[PDB]
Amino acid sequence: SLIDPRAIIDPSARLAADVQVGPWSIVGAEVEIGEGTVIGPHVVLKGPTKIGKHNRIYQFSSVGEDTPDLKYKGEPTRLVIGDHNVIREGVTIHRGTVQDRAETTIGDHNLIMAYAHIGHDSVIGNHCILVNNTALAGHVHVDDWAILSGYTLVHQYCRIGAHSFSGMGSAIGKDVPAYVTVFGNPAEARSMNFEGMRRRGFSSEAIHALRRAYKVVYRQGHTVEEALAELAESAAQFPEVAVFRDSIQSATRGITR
């Protein structure tokens, strides 16, 4: 049987008909699970939480717990996870807080490796990779295709841009623009994720435009406001450069330099 008899399935939980649940796993009240999702053994799921289709959740994960953050006071808040995600061993994923939008959100086709932490009110897009013990403190936005190497630490409210990359052990206290590569503690900008871009099939023209955009922001002594003005032209020509420019414009904690 797909649902192990040693699992605890709350009567309010809603499981699509071919969901699998391993032994000694807990599917709490107000947890909804979509078709084809496999829950391993020793998993704790707490609601209100919606999990989509064809996910996989490994042992010793805690998905949908309250944040311990002292600003949370027992309010009805949610977690939403999309489709085709892989959540590895011991991952912790907390629900949102009413102070923000009362929801933690994860998109599709993400890979969240062992002992990663996804703090309250974080928003992960699609196709992201969080390597072992990556920790998102709270309110962290990770845009599509971003890769955070092992033991990357991300401060509350930070944004991590699309197709960006952090080296192992990075401690990110300011925003990481789209396509930027960062390393170290504190995290330093070291150019763009050109290898990731080439692998994903970005055009040579867009890569060239992005190389120039990086110079405008980082290498010409401009203030952020002067850089944004100087980027307007290239951003109007290349969507990739608009994604870069928009990531700089939405930065609330300054940008990683």
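So that there is no doubt, residue numbering starts at 1 and follows the sequence shown. Heads up, when I say rigid core I mean the largest set of C-alphas that superpose within 1.5 Å between the two forms.
Of the two stretches examined, 58 to 66 and 220 to 228, the one with higher mean CA deviation in 8 other deposited structures of this protein after a rigid core fit is 220 to 228. With every structure aligned by its rigid core, 92 to 100 is the stretch of 140 to 148 and 92 to 100 whose CA positions lie farther away in 8 other deposited structures of this protein. The PDB entry reports B-factors from which the mean C-alpha value can be compared for 212 to 220 and 65 to 73; the larger average falls on 65 to 73.
For the segment pair 37 to 45 and 188 to 196, the entry gives 188 to 196 the higher mean B-factor, averaged over Cα atoms. Between the residues 174, 141, 101, 94, it is 101 that shows the highest Cα B-factor in the PDB record. Per-chain ranking of the deposited C-alpha B factor places residue 243 in the lowest third.
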